[PDB]
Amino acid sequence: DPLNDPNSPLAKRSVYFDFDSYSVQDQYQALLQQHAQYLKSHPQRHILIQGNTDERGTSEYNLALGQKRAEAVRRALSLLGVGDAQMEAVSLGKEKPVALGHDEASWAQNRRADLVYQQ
């Protein structure tokens, strides 16, 4: 199972966004296509698409932005033929920062949507 392989494209499971943006950049097409191909052939595989944001803005606002980012990925996967029974788009907002810095570099690491495969 390439999902356990660290040298497979399936190892990359994060989509990053620009400030205040929930648009899936073109550079993530290959990543989404690959995961789409894997999920479609493994219909028993479920994933949570977890949207995240940087600290700027209110919690309420970022909770919404985080959801928009997760759903942008989800729609991308849906468009590629992934079943609606395999995906759930959720938002963590700015609750769970992965980088604690207060700079552009740290913030960029928090504007993210994760493909989290369930057991």
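Numbers for residues come from their place in the sequence shown, where the first is 1.
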Mind pulling up the entry and telling me whether 49-57 or 23-31 has the higher mean Cα temperature factor?
-> 23-31
Out of 39-47 and 85-93, which one has CA B-factors that are higher on average in the deposited record?
-> 39-47
Of the three thirds of Cα B-factor ranks in this chain, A99 occupies the middle
If you rank every modelled residue in this chain by C-alpha B factor, which third holds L10: lowest, middle or highest?
-> highest
